[PDB]
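Undergrad: Got entry.txt for you, compact mmCIF, C-alpha atoms and all ligand atoms:
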```txt
# COMPACT_ATOMS: atom_id res chain seq x y z
CA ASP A 1 0.00 0.00 0.00
CA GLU A 2 1.37 3.47 -0.90
CA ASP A 3 5.30 3.35 -1.25
CA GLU A 4 5.53 -0.33 -0.27
CA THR A 5 3.85 -3.67 -1.09
CA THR A 6 2.21 -4.18 2.39
CA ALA A 7 -0.81 -6.63 3.01
CA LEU A 8 -3.61 -7.58 5.50
CA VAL A 9 -2.97 -9.91 8.46
CA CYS A 10 -5.91 -11.95 9.77
CA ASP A 11 -6.57 -14.41 12.66
CA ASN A 12 -10.04 -15.91 12.34
CA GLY A 13 -11.30 -18.76 14.40
CA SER A 14 -14.38 -20.11 15.84
CA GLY A 15 -15.26 -16.90 17.86
CA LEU A 16 -13.63 -13.60 16.62
CA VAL A 17 -12.33 -12.47 13.20
CA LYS A 18 -9.55 -10.06 14.13
CA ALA A 19 -8.49 -8.08 11.03
CA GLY A 20 -5.75 -5.42 10.55
CA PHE A 21 -3.47 -4.10 7.80
CA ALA A 22 0.22 -5.32 8.03
CA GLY A 23 3.14 -4.50 10.37
CA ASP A 24 0.53 -3.49 13.01
CA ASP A 25 0.83 -4.35 16.65
CA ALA A 26 -2.54 -5.97 17.34
CA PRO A 27 -6.02 -5.77 15.62
CA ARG A 28 -8.10 -3.02 14.00
CA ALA A 29 -11.22 -4.53 12.45
CA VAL A 30 -12.62 -7.14 14.88
CA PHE A 31 -16.02 -8.90 14.89
CA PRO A 32 -17.60 -12.19 16.01
CA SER A 33 -17.67 -14.56 13.06
CA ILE A 34 -21.50 -15.13 12.90
CA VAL A 35 -24.42 -14.29 10.61
CA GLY A 36 -27.81 -13.51 12.21
CA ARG A 37 -31.28 -13.89 10.65
CA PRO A 38 -34.74 -12.57 11.73
CA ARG A 39 -36.27 -15.31 13.94
CA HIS A 40 -38.69 -12.82 15.54
CA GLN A 41 -40.99 -12.50 12.46
CA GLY A 42 -44.37 -10.67 12.65
CA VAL A 43 -44.31 -8.25 9.65
CA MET A 44 -42.54 -4.88 8.84
CA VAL A 45 -42.91 -1.24 7.75
CA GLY A 46 -40.19 0.06 9.95
CA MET A 47 -37.45 -2.56 10.21
CA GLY A 48 -34.16 -2.75 12.14
CA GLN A 49 -32.01 -2.15 9.10
CA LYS A 50 -30.88 -5.67 7.88
CA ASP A 51 -31.35 -8.85 5.91
CA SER A 52 -28.23 -10.49 7.34
CA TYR A 53 -27.22 -8.73 10.48
CA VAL A 54 -23.47 -9.53 10.58
CA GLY A 55 -20.80 -9.86 13.32
CA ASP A 56 -20.75 -6.68 15.34
CA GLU A 57 -24.15 -5.38 14.01
CA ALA A 58 -25.49 -8.87 14.81
CA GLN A 59 -24.17 -9.28 18.39
CA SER A 60 -25.52 -5.79 19.11
CA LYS A 61 -29.23 -6.25 18.13
CA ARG A 62 -29.53 -9.86 19.41
CA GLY A 63 -33.26 -10.25 20.07
CA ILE A 64 -34.79 -10.59 16.56
CA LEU A 65 -32.00 -12.93 15.56
CA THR A 66 -31.24 -16.56 15.06
CA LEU A 67 -27.49 -16.24 15.12
CA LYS A 68 -26.28 -18.79 12.53
CA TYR A 69 -22.97 -19.77 13.98
CA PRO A 70 -20.38 -20.93 11.44
CA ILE A 71 -16.87 -22.10 12.40
CA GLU A 72 -17.71 -24.26 15.47
CA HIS A 73 -14.28 -25.72 16.20
CA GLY A 74 -12.62 -24.94 12.85
CA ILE A 75 -15.29 -26.99 11.00
CA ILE A 76 -17.85 -24.59 9.56
CA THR A 77 -21.49 -25.76 9.87
CA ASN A 78 -22.32 -24.67 6.32
CA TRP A 79 -20.07 -22.25 4.41
CA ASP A 80 -22.81 -19.86 2.96
CA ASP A 81 -22.82 -17.30 5.79
CA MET A 82 -19.00 -17.03 5.66
CA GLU A 83 -18.79 -15.12 2.37
CA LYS A 84 -21.01 -12.43 3.98
CA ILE A 85 -18.74 -12.58 7.11
CA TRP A 86 -15.65 -11.72 5.04
CA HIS A 87 -17.75 -9.23 2.96
CA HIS A 88 -17.63 -7.19 6.19
CA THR A 89 -13.88 -7.32 6.84
CA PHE A 90 -12.34 -5.76 3.75
CA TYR A 91 -14.73 -3.27 2.28
CA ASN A 92 -16.85 -2.18 5.23
CA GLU A 93 -14.20 -1.58 7.90
CA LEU A 94 -10.84 -1.65 6.15
CA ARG A 95 -12.19 -0.04 2.90
CA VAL A 96 -9.66 -2.05 0.91
CA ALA A 97 -10.26 -4.46 -1.93
CA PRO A 98 -9.13 -8.02 -1.36
CA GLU A 99 -8.50 -7.91 -5.11
CA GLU A 100 -5.40 -5.71 -4.46
CA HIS A 101 -3.41 -6.90 -1.41
CA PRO A 102 -1.81 -10.01 0.12
CA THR A 103 -3.92 -11.80 2.75
CA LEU A 104 -2.54 -13.59 5.79
CA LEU A 105 -4.92 -15.84 7.68
CA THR A 106 -4.34 -18.65 10.18
CA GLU A 107 -4.61 -22.43 9.89
CA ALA A 108 -6.71 -23.54 12.75
CA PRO A 109 -4.45 -26.41 13.21
CA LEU A 110 -5.78 -29.56 11.64
CA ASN A 111 -8.63 -27.89 9.83
CA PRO A 112 -9.53 -30.57 7.11
CA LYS A 113 -7.69 -31.17 3.84
CA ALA A 114 -10.32 -29.71 1.57
CA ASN A 115 -10.97 -26.63 3.69
CA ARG A 116 -7.53 -25.34 2.68
CA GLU A 117 -8.48 -25.38 -1.01
CA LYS A 118 -12.10 -24.31 -0.41
CA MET A 119 -10.90 -21.19 1.41
CA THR A 120 -8.22 -20.25 -1.16
CA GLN A 121 -10.88 -20.66 -3.90
CA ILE A 122 -13.27 -18.18 -2.22
CA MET A 123 -10.38 -15.75 -2.52
CA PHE A 124 -8.46 -16.60 -5.73
CA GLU A 125 -11.23 -18.03 -7.94
CA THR A 126 -14.12 -15.91 -6.60
CA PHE A 127 -12.53 -12.76 -5.11
CA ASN A 128 -9.22 -12.61 -6.97
CA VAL A 129 -6.80 -12.00 -4.05
CA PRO A 130 -3.16 -11.43 -5.14
CA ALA A 131 -1.29 -13.55 -2.59
CA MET A 132 -2.20 -15.46 0.55
CA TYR A 133 -0.97 -17.63 3.31
CA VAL A 134 -2.80 -19.12 6.24
CA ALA A 135 -0.28 -19.60 9.12
CA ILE A 136 -0.45 -22.52 11.62
CA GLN A 137 -1.42 -20.84 14.83
CA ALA A 138 0.59 -21.86 17.89
CA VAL A 139 4.05 -21.55 16.44
CA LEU A 140 3.68 -17.84 15.42
CA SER A 141 3.29 -16.89 19.05
CA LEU A 142 6.58 -18.40 20.06
CA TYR A 143 8.76 -16.02 18.09
CA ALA A 144 6.89 -12.89 19.25
CA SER A 145 7.49 -14.01 22.82
CA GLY A 146 11.16 -14.44 21.82
CA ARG A 147 11.14 -18.23 22.18
CA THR A 148 12.50 -20.92 19.79
CA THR A 149 11.84 -24.07 21.83
CA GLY A 150 8.99 -24.75 24.23
CA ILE A 151 5.70 -26.61 24.58
CA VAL A 152 2.96 -24.28 23.42
CA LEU A 153 -0.66 -24.82 24.38
CA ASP A 154 -2.73 -22.44 22.27
CA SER A 155 -6.51 -22.45 22.42
CA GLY A 156 -8.83 -19.48 21.80
CA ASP A 157 -12.35 -20.46 21.23
CA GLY A 158 -12.70 -23.62 19.02
CA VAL A 159 -10.07 -26.41 19.52
CA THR A 160 -7.51 -27.30 22.10
CA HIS A 161 -3.97 -27.92 20.84
CA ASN A 162 -0.80 -28.94 22.70
CA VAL A 163 2.15 -28.25 20.40
CA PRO A 164 5.76 -29.33 21.22
CA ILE A 165 7.97 -26.93 19.26
CA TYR A 166 11.80 -26.71 19.26
CA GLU A 167 14.49 -25.00 17.15
CA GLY A 168 12.75 -26.98 14.31
CA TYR A 169 9.03 -27.69 13.83
CA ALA A 170 6.66 -30.27 15.17
CA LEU A 171 4.98 -33.10 13.32
CA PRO A 172 1.78 -35.14 13.52
CA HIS A 173 2.94 -37.96 15.71
CA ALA A 174 3.34 -35.81 18.81
CA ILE A 175 1.01 -32.77 18.68
CA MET A 176 -2.59 -33.31 19.83
CA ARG A 177 -6.09 -31.84 19.21
CA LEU A 178 -9.10 -31.77 21.58
CA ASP A 179 -12.60 -30.25 21.62
CA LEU A 180 -12.98 -28.76 25.10
CA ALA A 181 -11.83 -25.17 24.58
CA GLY A 182 -12.84 -21.51 25.27
CA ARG A 183 -16.26 -21.66 23.56
CA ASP A 184 -17.00 -25.04 25.09
CA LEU A 185 -16.39 -23.39 28.46
CA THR A 186 -18.82 -20.67 27.22
CA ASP A 187 -21.53 -23.18 26.30
CA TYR A 188 -20.85 -25.62 29.16
CA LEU A 189 -22.10 -23.07 31.66
CA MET A 190 -25.76 -23.76 30.82
CA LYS A 191 -25.49 -27.57 31.42
CA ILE A 192 -24.59 -26.81 34.96
CA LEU A 193 -26.79 -23.69 35.56
CA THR A 194 -29.84 -25.90 35.93
CA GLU A 195 -28.99 -26.78 39.54
CA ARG A 196 -29.53 -23.16 40.61
CA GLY A 197 -32.39 -22.72 38.22
CA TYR A 198 -31.24 -21.02 35.11
CA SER A 199 -30.72 -22.30 31.59
CA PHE A 200 -30.39 -19.60 28.92
CA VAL A 201 -31.40 -22.28 26.49
CA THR A 202 -31.99 -20.41 23.28
CA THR A 203 -30.06 -18.15 20.79
CA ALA A 204 -29.73 -14.56 22.13
CA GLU A 205 -29.44 -15.86 25.65
CA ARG A 206 -26.77 -18.33 24.35
CA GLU A 207 -24.66 -15.27 23.48
CA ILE A 208 -25.28 -13.72 26.97
CA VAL A 209 -23.67 -16.92 28.47
CA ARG A 210 -20.37 -16.10 26.61
CA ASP A 211 -20.56 -12.45 27.78
CA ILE A 212 -21.03 -13.29 31.48
CA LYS A 213 -18.13 -15.64 31.34
CA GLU A 214 -15.19 -13.57 30.08
CA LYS A 215 -15.61 -10.67 32.50
CA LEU A 216 -16.34 -12.52 35.85
CA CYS A 217 -15.98 -16.35 36.07
CA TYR A 218 -12.47 -17.42 37.39
CA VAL A 219 -10.46 -20.64 37.42
CA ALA A 220 -10.49 -22.77 40.56
CA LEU A 221 -6.84 -23.03 41.77
CA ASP A 222 -7.55 -26.42 43.33
CA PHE A 223 -11.21 -27.07 42.88
CA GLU A 224 -11.65 -29.72 45.53
CA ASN A 225 -10.42 -27.41 48.29
CA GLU A 226 -12.50 -24.52 46.93
CA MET A 227 -15.68 -26.69 47.00
CA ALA A 228 -16.09 -26.02 50.79
CA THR A 229 -15.37 -22.34 50.05
CA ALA A 230 -18.67 -22.45 48.08
CA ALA A 231 -20.18 -21.91 51.53
CA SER A 232 -18.40 -18.54 51.54
CA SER A 233 -20.92 -16.21 50.03
CA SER A 234 -18.51 -13.35 49.29
CA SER A 235 -15.80 -14.81 47.13
CA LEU A 236 -18.24 -16.71 44.95
CA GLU A 237 -21.63 -14.92 44.68
CA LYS A 238 -21.83 -11.76 42.72
CA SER A 239 -24.63 -10.04 40.93
CA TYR A 240 -25.00 -10.16 37.18
CA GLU A 241 -28.24 -8.07 36.77
CA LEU A 242 -28.75 -8.57 33.08
CA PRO A 243 -29.37 -5.18 31.27
CA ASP A 244 -32.71 -6.43 30.11
CA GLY A 245 -33.68 -7.65 33.56
CA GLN A 246 -32.88 -10.90 35.40
CA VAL A 247 -30.21 -11.48 38.03
CA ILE A 248 -27.81 -14.29 37.46
CA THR A 249 -26.05 -14.82 40.74
CA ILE A 250 -23.14 -16.75 39.31
CA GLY A 251 -21.92 -18.51 42.37
CA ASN A 252 -19.98 -21.74 42.02
CA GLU A 253 -20.56 -21.78 38.24
CA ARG A 254 -17.92 -19.07 38.08
CA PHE A 255 -15.14 -21.63 38.59
CA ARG A 256 -16.90 -25.00 38.06
CA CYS A 257 -17.12 -24.28 34.28
CA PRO A 258 -13.42 -23.23 34.03
CA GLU A 259 -12.29 -26.39 35.88
CA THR A 260 -13.58 -28.56 33.00
CA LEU A 261 -10.29 -27.66 31.14
CA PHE A 262 -8.27 -29.74 33.59
CA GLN A 263 -11.24 -31.91 34.64
CA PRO A 264 -13.28 -33.77 31.96
CA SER A 265 -14.87 -36.03 34.59
CA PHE A 266 -17.43 -33.14 34.78
CA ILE A 267 -18.75 -33.26 31.20
CA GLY A 268 -18.30 -36.98 30.79
CA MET A 269 -15.17 -38.07 28.88
CA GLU A 270 -11.82 -39.75 29.51
CA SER A 271 -9.81 -36.69 28.46
CA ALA A 272 -7.33 -35.61 30.96
CA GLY A 273 -6.94 -31.92 31.33
CA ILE A 274 -4.67 -29.76 29.28
CA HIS A 275 -2.04 -30.34 31.97
CA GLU A 276 -1.89 -34.08 31.12
CA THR A 277 -2.31 -33.73 27.32
CA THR A 278 0.78 -31.50 27.65
CA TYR A 279 2.72 -34.52 28.98
CA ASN A 280 1.04 -36.56 26.19
CA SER A 281 2.56 -34.33 23.49
CA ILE A 282 5.93 -33.85 25.15
CA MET A 283 6.66 -37.59 25.73
CA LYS A 284 6.05 -38.76 22.13
CA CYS A 285 9.04 -36.99 20.67
CA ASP A 286 12.71 -37.92 20.25
CA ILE A 287 14.54 -38.59 23.53
CA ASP A 288 16.90 -35.53 23.49
CA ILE A 289 14.28 -32.91 22.54
CA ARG A 290 12.52 -32.11 25.88
CA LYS A 291 14.84 -30.21 28.26
CA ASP A 292 14.04 -26.70 26.95
CA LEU A 293 10.37 -27.48 26.10
CA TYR A 294 10.20 -27.83 29.86
CA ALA A 295 12.18 -24.65 30.39
CA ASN A 296 9.38 -22.63 28.65
CA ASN A 297 5.71 -23.73 28.42
CA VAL A 298 4.03 -21.07 26.25
CA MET A 299 0.33 -20.57 27.10
CA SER A 300 -1.91 -18.60 24.68
CA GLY A 301 -5.32 -17.72 23.27
CA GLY A 302 -8.80 -16.67 24.57
CA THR A 303 -8.58 -19.77 26.76
CA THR A 304 -5.55 -18.62 28.85
CA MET A 305 -7.01 -15.21 29.73
CA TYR A 306 -9.06 -16.24 32.85
CA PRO A 307 -7.94 -15.13 36.39
CA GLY A 308 -5.75 -17.87 38.00
CA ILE A 309 -4.35 -20.13 35.30
CA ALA A 310 -0.50 -20.14 34.87
CA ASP A 311 -0.08 -20.69 38.54
CA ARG A 312 -2.32 -23.77 38.29
CA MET A 313 -0.18 -25.44 35.68
CA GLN A 314 2.94 -24.64 37.77
CA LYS A 315 1.66 -27.12 40.33
CA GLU A 316 -0.07 -29.67 38.11
CA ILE A 317 2.54 -30.13 35.38
CA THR A 318 5.30 -31.33 37.73
CA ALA A 319 3.41 -34.34 39.02
CA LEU A 320 3.56 -36.70 36.01
CA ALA A 321 6.36 -35.28 33.91
CA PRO A 322 10.12 -35.46 34.04
CA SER A 323 11.40 -34.17 37.39
CA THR A 324 14.88 -32.63 36.84
CA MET A 325 14.17 -28.95 36.04
CA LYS A 326 13.29 -25.34 35.98
CA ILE A 327 9.75 -25.88 34.68
CA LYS A 328 8.17 -22.54 33.63
CA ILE A 329 4.88 -21.39 31.99
CA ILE A 330 5.38 -18.28 29.78
CA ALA A 331 2.06 -16.62 29.31
CA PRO A 332 2.67 -13.10 27.85
CA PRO A 333 0.86 -10.02 29.42
CA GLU A 334 -1.61 -10.11 26.58
CA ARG A 335 -1.19 -13.71 25.44
CA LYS A 336 -4.41 -14.11 23.53
CA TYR A 337 -3.34 -12.24 20.36
CA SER A 338 -0.42 -14.73 20.05
CA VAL A 339 -1.46 -15.86 16.67
CA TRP A 340 -1.95 -12.30 15.44
CA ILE A 341 1.30 -10.58 16.53
CA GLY A 342 3.47 -13.60 15.45
CA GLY A 343 1.70 -13.44 12.08
CA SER A 344 2.21 -9.67 11.76
CA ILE A 345 5.98 -10.12 11.63
CA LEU A 346 5.80 -12.68 8.82
CA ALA A 347 3.53 -10.42 6.76
CA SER A 348 5.91 -7.47 7.19
CA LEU A 349 9.09 -9.38 6.48
CA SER A 350 9.61 -9.35 2.74
CA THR A 351 11.65 -12.60 3.28
CA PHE A 352 8.18 -14.23 3.49
CA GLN A 353 8.20 -14.09 -0.35
CA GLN A 354 10.03 -17.46 -0.52
CA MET A 355 6.86 -19.23 0.61
CA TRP A 356 3.30 -17.98 -0.34
CA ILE A 357 0.65 -18.71 -2.96
CA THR A 358 0.68 -15.89 -5.53
CA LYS A 359 -2.36 -15.21 -7.84
CA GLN A 360 -1.30 -17.03 -10.99
CA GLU A 361 0.19 -20.06 -9.15
CA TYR A 362 -3.38 -21.14 -8.31
CA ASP A 363 -4.50 -21.22 -11.97
CA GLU A 364 -1.20 -22.90 -12.97
CA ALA A 365 -1.78 -25.55 -10.23
CA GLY A 366 -5.59 -25.82 -10.00
CA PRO A 367 -7.43 -25.91 -6.63
CA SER A 368 -4.78 -28.26 -5.31
CA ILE A 369 -2.20 -25.37 -5.34
CA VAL A 370 -2.65 -25.16 -1.57
CA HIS A 371 -1.31 -28.75 -1.01
CA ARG A 372 1.17 -28.22 -3.83
CA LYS A 373 2.77 -25.37 -1.89
CA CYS A 374 1.79 -26.21 1.70
CA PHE A 375 0.06 -29.18 3.40
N1 LIG B 401 -10.91 -12.03 28.78
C1 LIG B 401 -11.23 -13.26 28.38
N2 LIG B 401 -11.24 -14.29 29.29
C2 LIG B 401 -11.73 -15.50 28.89
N3 LIG B 401 -12.38 -15.83 27.76
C3 LIG B 401 -12.21 -14.84 26.85
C4 LIG B 401 -11.67 -13.59 27.06
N4 LIG B 401 -11.64 -12.87 25.86
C5 LIG B 401 -12.35 -13.62 25.05
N5 LIG B 401 -12.58 -14.87 25.54
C6 LIG B 401 -13.15 -16.03 24.85
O1 LIG B 401 -12.25 -16.42 23.86
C7 LIG B 401 -12.97 -16.89 22.73
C8 LIG B 401 -12.55 -16.04 21.53
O2 LIG B 401 -11.09 -16.03 21.44
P1 LIG B 401 -10.34 -15.63 20.10
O3 LIG B 401 -8.87 -15.71 20.22
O4 LIG B 401 -10.75 -14.26 19.78
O5 LIG B 401 -10.74 -16.58 18.83
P2 LIG B 401 -10.60 -18.01 18.08
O6 LIG B 401 -9.57 -19.10 18.68
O7 LIG B 401 -11.75 -18.79 17.65
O8 LIG B 401 -9.63 -17.74 17.01
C9 LIG B 401 -14.43 -16.94 23.18
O9 LIG B 401 -14.77 -18.07 24.00
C10 LIG B 401 -14.44 -15.75 24.12
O10 LIG B 401 -15.51 -15.87 25.06
CA CA B 402 -7.96 -18.73 17.28
```
Written as structure tokens, how would this file's structure read?
Ligand SMILES: Nc1ncnc2c1ncn2[C@@H]1O[C@H](COP(=O)(O)OP(=O)(O)O)[C@@H](O)[C@H]1O
Ligand SMILES: [Ca+2]
TA:
Amino acid sequence: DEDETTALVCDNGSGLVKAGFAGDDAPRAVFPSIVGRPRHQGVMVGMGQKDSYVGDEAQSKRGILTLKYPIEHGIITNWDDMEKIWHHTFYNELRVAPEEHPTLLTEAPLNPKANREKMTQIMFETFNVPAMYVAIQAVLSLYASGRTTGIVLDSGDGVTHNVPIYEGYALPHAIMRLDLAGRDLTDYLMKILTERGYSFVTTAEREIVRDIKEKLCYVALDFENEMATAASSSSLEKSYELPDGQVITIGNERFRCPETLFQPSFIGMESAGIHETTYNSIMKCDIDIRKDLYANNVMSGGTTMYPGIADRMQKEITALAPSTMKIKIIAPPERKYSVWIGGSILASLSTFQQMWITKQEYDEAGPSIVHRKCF
């Protein structure tokens, strides 16, 4: 753009599309990736200004809407809303044509084979984007935190991932994937809420369950001990008087839902928490590779933003791992935009040119150009 090539960086997942230009610190355009439709019906003369209420516009006028969620855990429920989602991004906020710049996105690690092509097509065959790359999440983070080896656990909204990374990159044989992440914490809440006598069961209320969560519910440091502290109506109970009108006195639910990350005996599964799946990744590798993975355990995404989390893993991780060392969780001050800031650098370095898919390479290699360059 202007005197230089430049581009647009983009982290999109199951909950927020976070768009910006290139070189930038952290995001500019940001919106929930959802498309809403008018479930309230009746008729019209005056109308609340939309056919598809999208992202921001959507989340703001919740009531009439049946919020068609798309990317639940990297898999999209149906792709049709998605084109309107990205129709926001470029033209409406950023005012830039996709048909002009490079695009950086993120690979929501182990998003299916065909989704790679299907995405690149929406750009290159439908909306002729000049160059693009989708970068594989967890690793980006590492470099922005100034780390080369460590065990990263990156989870935002959609899917849990425990990545061992070193001075050279990981492989499917050791890394893991699980469905128990940030948004599942979000949704989980209502399964449990029943015992007080609440269950925001439907659409608009579904979104209020997310909202409650990120600004008040905290992680149990050691749940079991804290269970008797549920008698202490001070720590726990707090008022959420919904600005509509209904008090949700989120007592024990404020840490009982977080705990499911380290405790799947609460939903019903055999998954161990993210502290044990971290051993699960780390063990599977070569024998000499672990000493510095243990020296830095990178912890990022929307998932690691709750109050009381690094500290937890400090205890828990020691118990079933290798013993010998200075074990240490590195969770950056803002650690959620891990994906984004690591990505920024790549789409600011011109060295990145000895990688990407450029506009004519697609035509010259068909849809498959994505697995002809990448994987
Ligand atoms: N302060 C926070 N504490 C905990 N949960 C948060 C916080 N900020 C956002 N979240 C949750 O993180 C998720 C969105 O994270 P995000 O990184 O934006 O996207 P995604 O991994 O899908 O790419 C949602 O569950 C949202 O509720
Ligand atoms: Ca993400």
Undergrad: For residue 252 in chain A, work out the shell of residues within 8 Å, counting only C-alpha atoms and skipping chain neighbours fewer than 4 positions away, then give it as JSON, numbers by chain.
TA: {"A": [230, 236, 237, 256]}
Undergrad: Using Å and a single decimal, report how far CA of residue 271 in chain A sits from CA of residue 285 in chain A.
TA: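 So the answer is 20.4 Å.
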Undergrad: Could you pull out the residues sitting within 8 Å of ligand CA 402 (chain B), using all atoms listed in the file, and write them as a VMD selection string?
TA: chain A and resid 11 to 16 106 108 137 155 to 158 301 to 302 339
Undergrad: Within 9 Å of ligand LIG 401 (chain B), which residues show up when you count only C-alpha atoms and all ligand atoms? List them as a PDB file with C-alpha atoms, in the coordinates of the input, please.
TA:
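out12.pdb, written as the output of this step:
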```pdb
ATOM      1  CA  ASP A  11      -6.570 -14.410  12.660  1.00  0.00           C
ATOM      2  CA  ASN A  12     -10.040 -15.910  12.340  1.00  0.00           C
ATOM      3  CA  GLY A  13     -11.300 -18.760  14.400  1.00  0.00           C
ATOM      4  CA  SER A  14     -14.380 -20.110  15.840  1.00  0.00           C
ATOM      5  CA  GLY A  15     -15.260 -16.900  17.860  1.00  0.00           C
ATOM      6  CA  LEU A  16     -13.630 -13.600  16.620  1.00  0.00           C
ATOM      7  CA  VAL A  17     -12.330 -12.470  13.200  1.00  0.00           C
ATOM      8  CA  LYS A  18      -9.550 -10.060  14.130  1.00  0.00           C
ATOM      9  CA  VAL A  30     -12.620  -7.140  14.880  1.00  0.00           C
ATOM     10  CA  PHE A  31     -16.020  -8.900  14.890  1.00  0.00           C
ATOM     11  CA  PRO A  32     -17.600 -12.190  16.010  1.00  0.00           C
ATOM     12  CA  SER A  33     -17.670 -14.560  13.060  1.00  0.00           C
ATOM     13  CA  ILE A  71     -16.870 -22.100  12.400  1.00  0.00           C
ATOM     14  CA  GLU A  72     -17.710 -24.260  15.470  1.00  0.00           C
ATOM     15  CA  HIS A  73     -14.280 -25.720  16.200  1.00  0.00           C
ATOM     16  CA  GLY A  74     -12.620 -24.940  12.850  1.00  0.00           C
ATOM     17  CA  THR A 106      -4.340 -18.650  10.180  1.00  0.00           C
ATOM     18  CA  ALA A 108      -6.710 -23.540  12.750  1.00  0.00           C
ATOM     19  CA  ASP A 154      -2.730 -22.440  22.270  1.00  0.00           C
ATOM     20  CA  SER A 155      -6.510 -22.450  22.420  1.00  0.00           C
ATOM     21  CA  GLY A 156      -8.830 -19.480  21.800  1.00  0.00           C
ATOM     22  CA  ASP A 157     -12.350 -20.460  21.230  1.00  0.00           C
ATOM     23  CA  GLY A 158     -12.700 -23.620  19.020  1.00  0.00           C
ATOM     24  CA  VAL A 159     -10.070 -26.410  19.520  1.00  0.00           C
ATOM     25  CA  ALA A 181     -11.830 -25.170  24.580  1.00  0.00           C
ATOM     26  CA  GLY A 182     -12.840 -21.510  25.270  1.00  0.00           C
ATOM     27  CA  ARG A 183     -16.260 -21.660  23.560  1.00  0.00           C
ATOM     28  CA  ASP A 184     -17.000 -25.040  25.090  1.00  0.00           C
ATOM     29  CA  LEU A 185     -16.390 -23.390  28.460  1.00  0.00           C
ATOM     30  CA  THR A 186     -18.820 -20.670  27.220  1.00  0.00           C
ATOM     31  CA  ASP A 187     -21.530 -23.180  26.300  1.00  0.00           C
ATOM     32  CA  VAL A 209     -23.670 -16.920  28.470  1.00  0.00           C
ATOM     33  CA  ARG A 210     -20.370 -16.100  26.610  1.00  0.00           C
ATOM     34  CA  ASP A 211     -20.560 -12.450  27.780  1.00  0.00           C
ATOM     35  CA  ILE A 212     -21.030 -13.290  31.480  1.00  0.00           C
ATOM     36  CA  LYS A 213     -18.130 -15.640  31.340  1.00  0.00           C
ATOM     37  CA  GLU A 214     -15.190 -13.570  30.080  1.00  0.00           C
ATOM     38  CA  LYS A 215     -15.610 -10.670  32.500  1.00  0.00           C
ATOM     39  CA  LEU A 216     -16.340 -12.520  35.850  1.00  0.00           C
ATOM     40  CA  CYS A 217     -15.980 -16.350  36.070  1.00  0.00           C
ATOM     41  CA  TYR A 218     -12.470 -17.420  37.390  1.00  0.00           C
ATOM     42  CA  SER A 300      -1.910 -18.600  24.680  1.00  0.00           C
ATOM     43  CA  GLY A 301      -5.320 -17.720  23.270  1.00  0.00           C
ATOM     44  CA  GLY A 302      -8.800 -16.670  24.570  1.00  0.00           C
ATOM     45  CA  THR A 303      -8.580 -19.770  26.760  1.00  0.00           C
ATOM     46  CA  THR A 304      -5.550 -18.620  28.850  1.00  0.00           C
ATOM     47  CA  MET A 305      -7.010 -15.210  29.730  1.00  0.00           C
ATOM     48  CA  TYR A 306      -9.060 -16.240  32.850  1.00  0.00           C
ATOM     49  CA  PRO A 307      -7.940 -15.130  36.390  1.00  0.00           C
ATOM     50  CA  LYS A 336      -4.410 -14.110  23.530  1.00  0.00           C
ATOM     51  CA  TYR A 337      -3.340 -12.240  20.360  1.00  0.00           C
ATOM     52  CA  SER A 338      -0.420 -14.730  20.050  1.00  0.00           C
ATOM     53  CA  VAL A 339      -1.460 -15.860  16.670  1.00  0.00           C
TER      54      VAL A 339
END
```
Undergrad: Quick check, in Å to one decimal: how far apart do CA of residue 353 in chain A and CA of residue 145 in chain A lie?
TA: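 CA of residue 145 in chain A lies 23.2 Å from CA of residue 353 in chain A.
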Undergrad: Please identify all polymer residues within 12 Å of residue 49 in chain A, counting only C-alpha atoms, omitting same-chain residues fewer than 3 positions from it, and present them as a ChimeraX atom specification.
TA: /A:37-38,44-46,52-54,57-58,61,64
Undergrad: Please, can range 326-331 of chain A be completed to N, CA, C and O atoms and returned as a PDB file, keeping the file's coordinate frame?
TA:
```pdb
ATOM      1  N   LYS A 326      13.922 -26.630  35.945  1.00  0.00           N
ATOM      2  CA  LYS A 326      13.290 -25.340  35.980  1.00  0.00           C
ATOM      3  C   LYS A 326      12.182 -25.367  34.929  1.00  0.00           C
ATOM      4  O   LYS A 326      12.445 -25.111  33.747  1.00  0.00           O
ATOM      5  N   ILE A 327      11.014 -25.829  35.409  1.00  0.00           N
ATOM      6  CA  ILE A 327       9.750 -25.880  34.680  1.00  0.00           C
ATOM      7  C   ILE A 327       9.193 -24.461  34.691  1.00  0.00           C
ATOM      8  O   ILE A 327       9.198 -23.831  35.755  1.00  0.00           O
ATOM      9  N   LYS A 328       8.687 -23.904  33.584  1.00  0.00           N
ATOM     10  CA  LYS A 328       8.170 -22.540  33.630  1.00  0.00           C
ATOM     11  C   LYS A 328       7.231 -22.094  32.513  1.00  0.00           C
ATOM     12  O   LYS A 328       7.700 -21.887  31.378  1.00  0.00           O
ATOM     13  N   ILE A 329       5.959 -21.837  32.866  1.00  0.00           N
ATOM     14  CA  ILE A 329       4.880 -21.390  31.990  1.00  0.00           C
ATOM     15  C   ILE A 329       5.172 -19.962  31.498  1.00  0.00           C
ATOM     16  O   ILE A 329       5.330 -19.085  32.353  1.00  0.00           O
ATOM     17  N   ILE A 330       5.259 -19.657  30.196  1.00  0.00           N
ATOM     18  CA  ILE A 330       5.380 -18.280  29.780  1.00  0.00           C
ATOM     19  C   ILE A 330       4.055 -17.989  29.100  1.00  0.00           C
ATOM     20  O   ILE A 330       3.671 -18.534  28.061  1.00  0.00           O
ATOM     21  N   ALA A 331       3.324 -17.135  29.782  1.00  0.00           N
ATOM     22  CA  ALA A 331       2.060 -16.620  29.310  1.00  0.00           C
ATOM     23  C   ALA A 331       2.262 -15.103  29.202  1.00  0.00           C
ATOM     24  O   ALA A 331       2.385 -14.441  30.242  1.00  0.00           O
TER      25      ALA A 331
END
```
